[PDB]
Amino acid sequence: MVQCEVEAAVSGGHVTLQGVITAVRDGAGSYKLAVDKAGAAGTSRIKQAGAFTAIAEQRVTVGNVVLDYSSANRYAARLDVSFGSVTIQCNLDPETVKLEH
């Protein structure tokens, strides 16, 4: 059973966004992380789906994409983890990218 979360990692001037998949079993599974960026430049749609390795009760952060960091900018995410018996999805609150690393 895979588990999913949605993170945003702010670095100096740039926010790296990716969803944290905790996976209760070590091995490899498949999941789809999409990021939604909405700022003064418009709404951009990020989508990465595939498979990656996950460790049991370990956090596996998926879909690392780097945005230009703005605390007032809307950066959200959605990760669907669909792999055999597991199927789940999560969504980032863009108001959390406030200096969260």
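Reconstructed Cβ throughout: ideal geometry from the backbone, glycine too, with neighbour counts over all protein chains shown. We did not get these values from a lab; they are worked out from the coordinates using the rules stated.
Can you tell me which of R45, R25 is more than 23 Å from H101 (Cβ to Cβ) and either in contact with a helix residue (DSSP H, G or I) (Cβ under 6 Å, 6 or more places away or on another chain) or assigned to a loop (DSSP other than H, G, I, E, B) (or both)?
Working: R45 fails: either in contact with a helix residue (DSSP H, G or I) (Cβ under 6 Å, 6 or more places away or on another chain) or assigned to a loop (DSSP other than H, G, I, E, B) (or both).
Testing whether each residue is more than 23 Å from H101 (Cβ to Cβ) and either in contact with a helix residue (DSSP H, G or I) (Cβ under 6 Å, 6 or more places away or on another chain) or assigned to a loop (DSSP other than H, G, I, E, B) (or both) leaves just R25.
Output the residue which, of all residues in region 1-34 that are within 15 Å of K47 (Cα to Cα) and of a type in the set (S, T, N, Q), is surrounded by the most Cβ atoms within 10 Å (Cβ to Cβ).
Only one residue fits best here, namely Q18.
Condition test on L79, is it touching a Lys or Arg at 6+ places or on another chain (Cβ under 8 Å), closer than 12 Å to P94 by Cβ and of a type in the set (A, V, I, L, M)?
No.
Of everything in region 57-100 that's among the charged types (D, E, K, R) and in a loop (DSSP other than H, G, I, E, B), which residue is farthest from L17 (Cα to Cα)?
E57
How many residues does region 34-67 contain that are over 16 Å from the mean Cα position of the chain (by Cα) and under 18 Å from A8 (Cα atoms)?
Adding up the residues that qualify gives 2.
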